[PDB]
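Since the structure comes first, as structure tokens, the remarks are kept for the end.
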Amino acid sequence: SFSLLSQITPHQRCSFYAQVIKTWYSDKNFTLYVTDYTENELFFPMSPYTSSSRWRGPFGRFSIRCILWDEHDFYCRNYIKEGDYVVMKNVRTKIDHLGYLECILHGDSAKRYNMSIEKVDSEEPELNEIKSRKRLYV
DNA sequence: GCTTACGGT
């Protein structure tokens, strides 16, 4: 079952559709910042004032950081692009030191947890709520 | 795993 990002909670696995606002690969991991244009009280509040001008996403508590490790790194780092849509499945959630909720795709070569992330074609009807809610927001 | 809400690799 899928959840809107508004609905998800830390230390409970979740699946959701989202649009990618930001990517950044590093020597340690691959990070995404994603939104479905629903607000979560535990998300980081992005400032309209100090955010990078490149930030093509919403402000306030409307996006979430996703850390991708290992196999998830290697798969996505030169594949998932900013603006792309994704479905993420049975990902783990946790907080950072300041209490902000984020999600994590950790190593799992045994696939114990049935984790997956895959691109969704822009025209798929599954993305329609995201597109409308963006309207509402914009 | 994670100091970051940057960069453009």
Side-chain angles (χ1 to χ4, degrees):
Chain A
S1 168
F2 293 94
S3 299
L4 298 184
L5 282 173
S6 55
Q7 283 159 358
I8 70 160
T9 60
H11 306 88
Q12 287 269 17
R13 304 198 166 246
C14 64
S15 312
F16 56 83
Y17 298 93
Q19 192 173 25
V20 182
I21 309 299
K22 183 173 162 159
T23 59
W24 186 260
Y25 68 80
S26 78
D27 278 333
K28 301 200 136 184
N29 56 53
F30 186 50
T31 300
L32 306 173
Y33 300 83
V34 309
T35 188
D36 69 359
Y37 289 97
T38 70
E39 192 181 6
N40 194 304
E41 296 182 325
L42 297 181
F43 290 175
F44 186 79
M46 289 296 285
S47 177
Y49 326 124
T50 63
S51 283
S52 178
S53 61
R54 192 202 170 87
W55 182 254
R56 270 234 301 248
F59 300 111
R61 305 197 189 252
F62 278 82
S63 318
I64 188 180
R65 193 166 62 203
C66 323
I67 309 305
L68 266 63
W69 297 97
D70 307 324
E71 65 263 35
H72 313 303
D73 190 339
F74 297 134
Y75 179 41
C76 295
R77 90 251 215 111
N78 291 103
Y79 178 50
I80 307 308
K81 299 187 131 252
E82 296 187 341
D84 288 357
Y85 297 89
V86 301
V87 52
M88 311 181 36
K89 273 178 200 180
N90 308 298
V91 303
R92 160 187 294 165
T93 65
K94 58 153 316 222
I95 61 161
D96 72 347
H97 59 343
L98 259 61
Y100 300 116
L101 177 63
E102 66 193 286
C103 74
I104 312 289
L105 279 186
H106 62 268
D108 188 2
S109 64
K111 288 155 103 192
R112 203 206 287 199
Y113 294 113
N114 207 6
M115 302 202 280
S116 70
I117 180 176
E118 300 280 7
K119 215 184 285 213
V120 179
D121 180 85
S122 212
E123 280 167 18
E124 297 304 324
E126 277 74 21
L127 308 173
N128 272 348
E129 290 197 0
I130 291 171
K131 286 158 174 205
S132 67
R133 274 193 304 267
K134 173 160 186 196
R135 245 153 40 221
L136 297 181
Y137 179 91
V138 167

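As a basis for the values below, the full set of heavy atoms in this structure was taken, side chains included, without hydrogen atoms, waters or symmetry mates. So that the names make sense, note that chain A is the first sequence line, chain B the second, and so on, each numbered from 1.
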Separation of [X] atom [atom1] from [N] atom [atom2], in whole Å?
X	N	atom1	atom2	value
A/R65	B/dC6	CZ	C1'	12 Å
A/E102	B/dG1	CD	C1'	11 Å
A/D27	B/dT3	CG	P	12 Å
A/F74	B/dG1	CZ	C1'	14 Å
A/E82	B/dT9	CD	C1'	12 Å
A/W55	B/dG8	CH2	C1'	15 Å
A/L98	B/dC2	CG	P	16 Å
A/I95	B/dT3	CD1	P	16 Å

Quiz item: If you pin A/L101 and A/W69 to their nearest nucleotides in DNA chain B, which one's is more 5'?
Solution: A/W69
Going by modelled atom types, is there a donor-acceptor pair between the base of [N] and the side chain of [X] at under 3.5 Å?
X	N	value
A/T23	B/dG8	yes
A/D70	B/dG1	yes
A/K22	B/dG7	yes

Quiz item: Are any of the side-chain heavy atoms of A/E124 and A/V87 separated by less than 4.5 Å?
Solution: no
Quiz item: Does some side-chain heavy atom of A/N40 sit less than 4.5 Å from a side-chain heavy atom of A/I64?
Solution: no
Quiz item: Side chains of A/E123 and A/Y85: is there a donor and an acceptor less than 3.5 Å apart?
Solution: no
Exercise. Using the six-membered ring wherever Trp is involved, compare the ring planes of A/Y33 and A/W55 and label them parallel, tilted or perpendicular (cut-offs 30° and 60°).
Key: perpendicular
From C-beta outward on [X], which listed nucleotide comes closest to its side chain: [options]?
X	options	result
A/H97	B/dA5, B/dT9, B/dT3	B/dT3
A/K28	B/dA5, B/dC2, B/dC6	B/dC2
A/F44	B/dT9, B/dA5, B/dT4	B/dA5
A/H106	B/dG1, B/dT4, B/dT9	B/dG1
A/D96	B/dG1, B/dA5, B/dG7	B/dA5

Quiz item: Using the rule for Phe, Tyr, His and the six-membered ring of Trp, do A/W24 and B/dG7 stack at under 5.5 Å and under 30°?
Solution: yes
Quiz item: What is the nucleic acid contact for A/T31, judged by heavy atoms within less than 4.0 Å: base, sugar-phosphate only, or nothing?
Solution: nothing
Quiz item: Does A/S26 make a side-chain N or O approach to OP1 or OP2 of B/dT9 shorter than 4.0 Å?
Solution: no
Practice problem: Report yes or no: is the cationic atom of A/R13 (NZ for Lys, CZ for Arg) closer than 6.0 Å to the six-membered ring centre of A/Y113, at no more than 45° off its axis? | Solution: yes
